[PDB]
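Protein chains in written order, with this note's numbering: chain A, 684 to 1005; chain B, 684 to 1005. As structure tokens, the structure follows; a few thoughts come after it.
Number of protein chains: 2
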Amino acid sequence: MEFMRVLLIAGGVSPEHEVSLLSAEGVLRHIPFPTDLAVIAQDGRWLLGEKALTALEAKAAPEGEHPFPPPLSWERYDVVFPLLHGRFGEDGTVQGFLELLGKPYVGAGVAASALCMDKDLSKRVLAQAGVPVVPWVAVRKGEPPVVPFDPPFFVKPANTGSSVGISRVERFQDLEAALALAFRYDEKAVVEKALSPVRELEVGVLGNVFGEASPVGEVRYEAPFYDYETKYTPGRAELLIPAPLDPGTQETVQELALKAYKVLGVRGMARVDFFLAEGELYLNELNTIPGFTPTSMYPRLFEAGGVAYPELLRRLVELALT
Amino acid sequence: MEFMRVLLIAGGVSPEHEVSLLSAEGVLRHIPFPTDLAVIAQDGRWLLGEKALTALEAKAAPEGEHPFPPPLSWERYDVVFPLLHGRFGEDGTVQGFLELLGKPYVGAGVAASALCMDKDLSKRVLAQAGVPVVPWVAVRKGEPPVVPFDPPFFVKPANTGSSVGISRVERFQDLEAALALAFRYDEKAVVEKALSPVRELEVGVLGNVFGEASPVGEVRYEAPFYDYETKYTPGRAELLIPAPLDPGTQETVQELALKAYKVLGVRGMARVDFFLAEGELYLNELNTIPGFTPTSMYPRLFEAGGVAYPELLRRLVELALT
């Protein structure tokens, strides 16, 4: 039989554009099938063929040669891997386009993608299904906010990512300004109760609707410091795998992740992020297209779960076709 | 100033293709702005310019000349009215495409469109918000059904329309076959408790998120009969406007419709259908792109609400831009 052909799309117009491009190099090298690359420049225009690869020589591609509907053959590929993050990546827009093209693609479908990107709607569905989430309330522009809890809380646009337009309100006197800021990115915002101390845990899921979970990982912040020999050392995000979790908590994180995954009907993959506070777990968010770089959590979690990077990529493609 | 230019897209690949095409003639004649037409043939291919208009000469267009991404200028229009129903019409796919094109369009966005087309997810959100819906349960292929109620119930694929793949189960012995049928159209199905007697009411909403409601209408079936003078007379669907509703029930139907509309963040319009049984109301479904023909309920409801057909069309375009 002939080789199966995959089309990798990377870059994107969201602020996570550089993270995406960074993943491409790794996906191209390890995907177990011949793979072509197409890049979406920060300005929305696409780069195909030669220009796309050259684009991988930089941290970002503000270029763009082809206006949206790119002159791409599409018929030459069995599956499309839209490795794009946030707005115009994980929100169902690209998925919708690919559906109209009749092309099988990696990851969540239109409904699941759009839902998971809306902080309000996703939480409503999860709460309805019995999954714990942090107390929240949605607020729309023009509408009087009615936060049913303490002043320490986050305010953020409902359908965005990368922490853009987000504010941590200390006093109601600031709530007004915070919403006005958020509304600059989405007419709908959400106000979530800020927890403290709290720990962040992340788990990966692989499969169509009924998936398998990876071990649990923890995201820990390392403050900058003055080292005895090297002197100044910058702050850094530390990914702990496996997470130092007590007997039973790991199992509960995994069950909640898989349950939420099944309810929302997610396909292919998802990195589910949680908050752990006072021995209590809270589903924070589901990411249908998690970062895929070597340092990235999702691939490292499954590596610890016994699934090699190339194996992970191969399974994602196979799931797209089933 | 120059005339504003609108692009009407009609037809579609869903079984409601003929209903859509039928609307086009009426929209083209009454939309208060110069409007161009593009038709999506039943085979998925598009018809532009001259061929599109000629297509309006028949009840259906199985033709199609241009493969999906049609050679349409897009830049020549201020707003796009995708008057397509069901699958590849109201499910967020076309909406996603238009978003990537940066084109303002009539009706619900991607999230709301996909949600409203999923019978399971939409009900979960509505139940979460306190809106009454008929008891239901979602069942996925391979999963053991666990219906928490009586045997008389409907079984249907979760994300389809036009009543395709639907079955009315009389006895559990038939449940098996029913799901197998539904799964032929969607890996996820829903089992809803069938009510009886029950009446069907429909209300229209117009606006972005916070809308205004039209008067309430009732859908009544007229059985075929032998007339004294004309003899045989076929069965027919009777649209009663206003619906003969007791004092207070009309007001409750309207409140629930507007509340559901606001929660789901629907934009532009929606025809909300309800079930009335034992003095109890149940939100049946929200249709983001309701039929738009002269006999159609949505336009007639707003006509009764004082909004002329041309006025309705004009407002839909204005909302797309705000």
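Quick reminder that beta carbons are idealized off the backbone N, C-alpha and C, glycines included.
- Taken through DSSP and simplified to helix, strand or coil, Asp803 of chain A comes out as helix.
- Counting the other Cβ atoms within 10 Å of the Cβ of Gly918 of chain A gives fewer than 16, which makes it exposed.
- Proximity of the region 903–912 of chain A to the region 746–763 of chain A falls short of the contact definition, fewer than three beta-carbon pairs being nearer than 8 Å.
- Rounded to the nearest angstrom, the Cβ distance from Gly951 of chain A to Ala1003 of chain A is 7 Å, consistent with a contact under 8 Å.
- Looking at the backbone, the Cα of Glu934 of chain B and that of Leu884 of chain B are separated by about 12 Å.
- The CB of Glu901 of chain A never comes closer than 8 Å to any CB in chain B; the least such distance is about 30 Å.
- With its beta carbon at least 9 Å from every one in chain B, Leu731 of chain A lies outside the interface.
- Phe893 of chain A has a beta carbon lying within less than 9 Å of a beta carbon in chain B.
- With contacts defined as CB atoms closer than 9 Å, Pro815 of chain B and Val822 of chain B fail to qualify as a contacting pair.
- For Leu966 of chain A, the enclosing beta strand (DSSP E) covers residues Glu963 to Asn970.
- In the three-state scheme derived from DSSP, where H, G and I count as helix and E and B as strand, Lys945 of chain B is classed as helix.
- Shown here, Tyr911 of chain A sits in coil according to DSSP, grouped into three states, outside any helix or strand.
- DSSP, read as helix, strand or coil, puts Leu739 of chain A in coil.
- For a Cβ distance threshold of 8 Å, residue set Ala794, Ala797, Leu798 and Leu804 of chain A lies close to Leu798 of chain B, ordered along the chain.
- If you draw a 10 Å sphere on the C-beta of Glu961 of chain B, you find fewer than 16 other C-beta atoms in it, and that means exposed.
- Taking C-alpha positions only, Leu720 of chain B is separated from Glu968 of chain B by approximately 29 Å.
- Annotation: the region 837–892 of chain A contains the following complete segments of the alpha helix (DSSP H) (minimum length 4 residues), in chain order: 855–865.
- Within the model, the alpha-carbon separation for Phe975 of chain B versus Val936 of chain A is close to 48 Å.
- In chain order, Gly779, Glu782, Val793 and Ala794 make up the part of chain B whose C-beta sits under 9 Å from the C-beta of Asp774 of chain A.
- Just so you know, the alpha carbons of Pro925 of chain A and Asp774 of chain A end up roughly 30 Å apart.
- For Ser897 of chain B, the enclosing beta strand (DSSP E) begins and ends at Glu895 to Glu905.
- Ranked by how close their Cα comes to the Cα of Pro698 of chain A, the residues A:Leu995, A:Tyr868, A:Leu798 and A:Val899 have A:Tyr868 in first place.
- Counting every other CB atom within 10 Å of its CB across the protein chains shown gives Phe686 of chain A a total below 16, marking it as exposed.
- In the DSSP assignment, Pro765 of chain B forms a beta bridge with B:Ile692.
- Exclusion of the five residues before and after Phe908 of chain B leaves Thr916 as the residues of its chain whose Cβ lies within less than 6 Å of its Cβ.
- Annotation: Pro745 of chain B has no Cβ neighbours in chain A at a cutoff of 9 Å; minimum Cβ distance is about 18 Å.
- Judged by DSSP in its simplified three-state form, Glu1001 of chain B adopts helix.
- Going by DSSP, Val777 of chain A is part of the alpha helix (DSSP H) stretching over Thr776 to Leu783.
- The three-state secondary structure of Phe985 of chain A, taken from DSSP, is helix.
- Against chain A, the CB of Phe751 of chain B has a partner CB under 9 Å away; the residue lies at that interface.
- For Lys871 of chain A, the C-beta contacts it makes with chain B under 9 Å involve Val892 and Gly948, in order along the chain.
- When Cβ-Cβ separations below 9 Å define contact, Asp726 of chain B makes no contact with chain A.
- Spatial neighbours of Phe716 of chain A in its own chain (CB-CB distance under 8 Å, excluding positions within 5 residues in sequence) are listed in chain order as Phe686, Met687, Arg688, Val689, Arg997 and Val1000.
- Leaving aside the five residues that flank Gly948 of chain B on each side, the residues in its chain whose CB is nearer than 6 Å to its CB run, in chain order, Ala795 and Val892.
- Counting along the chain, the unbroken alpha helix (DSSP H) around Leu705 of chain B starts and ends at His700 to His713.
- In this structure, DSSP gives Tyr760 of chain A a state outside helix and strand, which the three-state scheme calls coil.
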